[PDB]
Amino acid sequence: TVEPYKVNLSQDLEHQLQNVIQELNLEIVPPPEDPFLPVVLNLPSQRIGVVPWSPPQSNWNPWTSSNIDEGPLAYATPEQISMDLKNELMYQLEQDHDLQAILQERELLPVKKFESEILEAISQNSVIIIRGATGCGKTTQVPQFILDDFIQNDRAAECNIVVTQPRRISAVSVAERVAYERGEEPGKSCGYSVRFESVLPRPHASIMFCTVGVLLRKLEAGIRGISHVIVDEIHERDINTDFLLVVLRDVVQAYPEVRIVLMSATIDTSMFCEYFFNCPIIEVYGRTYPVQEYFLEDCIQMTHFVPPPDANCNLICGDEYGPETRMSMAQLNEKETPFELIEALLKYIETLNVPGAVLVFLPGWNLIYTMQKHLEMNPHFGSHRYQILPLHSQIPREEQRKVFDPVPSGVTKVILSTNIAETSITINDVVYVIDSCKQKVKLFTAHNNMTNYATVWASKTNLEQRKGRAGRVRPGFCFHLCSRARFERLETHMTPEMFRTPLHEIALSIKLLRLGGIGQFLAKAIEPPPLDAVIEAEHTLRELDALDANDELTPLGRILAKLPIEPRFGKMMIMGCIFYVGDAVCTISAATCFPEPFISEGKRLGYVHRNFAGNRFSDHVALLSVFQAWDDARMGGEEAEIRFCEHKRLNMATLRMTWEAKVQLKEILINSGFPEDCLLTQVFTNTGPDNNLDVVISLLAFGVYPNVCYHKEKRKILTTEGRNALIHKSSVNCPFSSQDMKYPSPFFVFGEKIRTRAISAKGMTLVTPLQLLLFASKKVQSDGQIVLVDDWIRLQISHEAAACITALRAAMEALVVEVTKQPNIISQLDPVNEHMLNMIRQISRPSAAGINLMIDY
């Protein structure tokens, strides 16, 4: 219902645009004959493969994928290497009484009694499954059993083990734990490798813990110098793990000397067993105690709790309960987690007078933070009685480790945990579980580019696994916060991720690794993804020009396949290289992989954070400005860095991890033949004229498409599907109070469209209508006076200017194709290319759209 927006475009710029399109002989759609017929302005390599395998070799580092050339290990024999490592190990165990005591704890883990059986099963079979309760010792012990079996039988040199974990936090933490159990730190017998961080193991007799993504990205040259591949936690149905299971089944068939070990919680593993040619299953178990389970009804009755003022299963309650119980329950909204009942349940646990930790399953960091604040508002829950520790993947590792620590007598340890504590880790001392009965899942929808961090019901299987966490120490209690009539309607299993995740990154891996057709390869998965997801991945890669018309990998596609970020951000970074702003676009790209460095606490930003934005109405400009200020403050050394981050309320670990990620992305571009000088750090101002920053913001519009919106008033924006939405509270563009912002343009690009109670735009950058047309527009129809952009917004702008700006986009797209075939043409600064680039540089200026950001509006 919004009037066409008037673009203020000067006569000089209109003619410059016309001149550049004419000088470069670019094709333009002429103005229509009659208005009521409007016109759109928008107008190969030759066609199954197996990843090769090869066993460890004495002169080969399987982790660096290189020859050992310097030092003794180059020429040393397998026999020398093996006895040296055996002797070194024997001596360490003789001398180290703290290590001896660590080994004695190891030997009491339930998995220990199966050691012989596991090693016999692995030696005689290409593939096995190891199945047992969470906490038996599969993850920490089985790679050690295998390594120590080789070291003790004078074959240390013949053993290199890859262990895949479905989570970053698990790969790092397991490496640290297994190192500690071997009297070391990561970098010797154990190492880890996650997306933008590694500590490599030694080249011989060693275990690498990695994410599946890291391993797939390293498979271009094959699996070279590895004896064992252990795929951990298969029961989680992590999509990258399901995918790797397809790759490894082909590997096993063609190279039967490899050893594959799949490890699983107590689930039906028959599907995996059959998929891997009815491979043996080794059952692992130890002592478990019975656990009394309770539902929302029982929790209300036991605590006499009374609340304040799909079909609702809290209206259903059996008649063997009180009428206060049934009436109390009936007031509880199932879409909320009842924080006050959790408090009431903690006090009830005190009355049982049996010491033991309480594990509380909450969906995500949001409700954990909320539950924590809640309890610290009651001095009942102070240090004198309570140790309340948050467990989620974004808390530092020092804090994560604290959940294993013992507590002073008459203190209760309470863990507010994500589902990490479901099957991945075992917290000892747990006697009590409070189960929200919820999961956090990322649901994406391509049709409206909507992200939903949805709070959904857990499965029966998740409730069983959660209940069983209370029953490892003594008889236990599990308090399920769903009614008995919600339990009945729960699925048996969560949907595997393969059914509900975009596949374009897996599609690029399939093509980089030459495993054949995308649909063909995915049809061999243990549970193939739905047709529509495959069609959408192929459509996405074709639109990006990552695949040609024949669906073969382009030079562009190859680069995007080697970059561990969203392909569209990979293309944005290639464009930043061409414009000589590579370092800035690599910083924006890296930051999408990490939480916000602003410590804002889910409330509106204050003055200090807002000042990083300058006059650009841009969260992305705020981010680049904190990176510049922080990098400068770091020249003073560690304490100056720590004080900078404390005074400015910045998360230091986030800034450092993002910088490191930026460095690695830049390295992958350098090695793809991009020149050093297009990727140098460039000083910029966030208030004065800056053509480099102008271009970065143009390229950001490209990167985050189709996330464009139109500001109505206050916090209300219109999205591309015509619908209403809110400016996210955390944005520099969110009003601090009642004073209204005076945006010199109503057009905003943003990092993610979020579905909660309402639709929110988070990570918001103001763009001009020129930038909208150039980089945030797939389709533009003109009637001669008015243009319609992707059927949701109208601009009053000369037909010729809009047609010229569409031609610039097409020209830029064609340069990206040329630059990816030969990246060093960036260096040539060919004058026909520069003439087109300088015109994009010009229409990236606020002044091109009649905006001066230094003059208040």
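One rule holds for the numbers: they count along the sequence shown, beginning at 1. Throughout, rigid core stands for the largest set of C-alpha atoms superposing within 1.5 Å between the two forms.
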By Cα RMS to this form in 5 other deposited structures of this protein after fitting the core, the stretch ranking higher of 816-824 and 26-34 is 26-34
Between 825-833 and 790-798, which has its CA atoms farther from the current form in 5 other deposited structures of this protein, using a rigid core superposition? 825-833
Absent coordinates for residue 310 in a third or more of other compared entries: yes
Checking the other entries of this protein that model its neighbours, is residue 44 missing in at least a third? yes
In the entry, residues of the deposited sequence missing between residue 43 and residue 44 amount to 4 to 9
326-334 versus 192-200 - greater average Cα B-factor per the deposited record: 326-334
Using only the Cα atoms and their B-factors as the entry lists them, report which of 737-745 and 226-234 averages higher. 737-745
Maximum C-alpha temperature factor per the entry, among 501, 428, 777, 141, belongs to which one? 428
Report the option among 447, 662, 562, 182 whose CA atom has the maximum B-factor in the deposited record. 447
Looking at the entry's B-factor column for C-alpha atoms only, identify whether residue 47 ranks in the lowest, middle or highest third of its chain. highest
Residue 384 - Cα temperature factor, lowest/middle/highest third of chain: highest
Using only modelled residues of the chain, where does the Cα B factor of residue 837 rank: lowest third, middle third or highest third? lowest
Quick check for you: using the entry's CA B-factors within this chain, is residue 103 in the lowest, middle or highest third? middle
Among the chain's modelled residues, which third holds the C-alpha B-factor of residue 843? lowest
